[PDB]
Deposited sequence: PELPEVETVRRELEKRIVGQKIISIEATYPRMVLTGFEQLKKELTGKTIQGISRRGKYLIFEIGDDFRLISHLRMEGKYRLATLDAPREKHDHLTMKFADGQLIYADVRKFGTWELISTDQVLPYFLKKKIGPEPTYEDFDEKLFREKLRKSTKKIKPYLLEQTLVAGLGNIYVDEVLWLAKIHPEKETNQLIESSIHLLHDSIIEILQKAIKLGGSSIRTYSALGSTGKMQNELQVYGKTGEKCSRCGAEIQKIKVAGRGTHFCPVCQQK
């Protein structure tokens, strides 16, 4: 899940569980709660969900007066709202039970994490993570973006994936953004000219905002996505580029699968 998918899940949860009182919390995989499961169970049982926020790819449950549950879905994390009598599924790990239903977290690879922290510790938590600005015209300043790119010799794709230049890009959208901005994934950032950096900046915002609008790329929150039908290069190996007709190629960059058009994205 990348920013668009996490925002979609955030919106669905905001509309469905806010105001709900947590009756009980159970786990079959307590170790994914990095701050301690039994401690979380004792602290949150009986509290009411006040809201759901997001920072980068991180989900933030606002519970009770001063509690913040930080959830990261990593690669395969999935949330679903089910009936209280719903049967257990093989990869379900945690569940928050409410009066008329339950929120279940499942993760095949077990990479996802939960961390319970205080309201005043949220900003410090993300500062420590070094997460960059949200991908919006208001928060994503092109000037700083440009200066950081000009000082570096890192390849653009790996650098964007660091989450430090801007938050939210994953393997899918980084490939889509670079194709839209006509930049090759291995291009060293200090070689990007002003006009290209400007195109990149806007493309990052446009692609992600479009993905959010379309519910991301897909009983399972955030599965109604339509952005997958708008992808131009990710997983399109062998297919023809919609702009020039050349075949999309796939290579490895810093260990990640990378899709790009050899013509539109000159090395």
Stretches of the record's deposited sequence for which the structure holds no C-alpha atoms: 219-222
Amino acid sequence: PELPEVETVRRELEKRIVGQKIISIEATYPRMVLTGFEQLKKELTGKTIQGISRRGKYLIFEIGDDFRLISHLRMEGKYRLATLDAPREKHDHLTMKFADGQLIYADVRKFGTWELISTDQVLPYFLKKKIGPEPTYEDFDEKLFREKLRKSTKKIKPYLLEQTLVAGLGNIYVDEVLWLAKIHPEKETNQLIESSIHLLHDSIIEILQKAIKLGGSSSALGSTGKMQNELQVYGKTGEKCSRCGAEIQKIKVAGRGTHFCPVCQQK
From here on, numbers count along this sequence of modelled residues.
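The term rigid core refers to the most C-alpha atoms you can superpose between the two forms while keeping them within 1.5 Å.
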Greater root mean square CA deviation, 32-40 compared with 238-246 in 4 other deposited structures of this protein, core aligned: 238-246
Stretch with greater C-alpha deviation in 4 other deposited structures of this protein, 221-229 versus 60-68 (rigid core superposition): 221-229
Residue range whose averaged C-alpha B-factor is higher in the record, 54-62 or 233-241: 233-241
198-206 or 39-47, whichever carries the higher mean Cα B-factor: 39-47
Largest Cα B-factor, entry values, listed residues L160, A99, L103, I172: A99
Most elevated Cα B-factor in the entry, residues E142, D120, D92, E134: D120
Assigned third (lowest, middle, highest) for the C-alpha B factor of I212: middle
B-factor third for the C-alpha atom of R10 within its chain: lowest
Ranked C-alpha temperature factor of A27 among modelled chain residues, by third: middle
Chain-relative CA temperature factor third for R74: lowest
Relative C-alpha B-factor of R150, binned into the chain's lowest, middle or highest third: highest
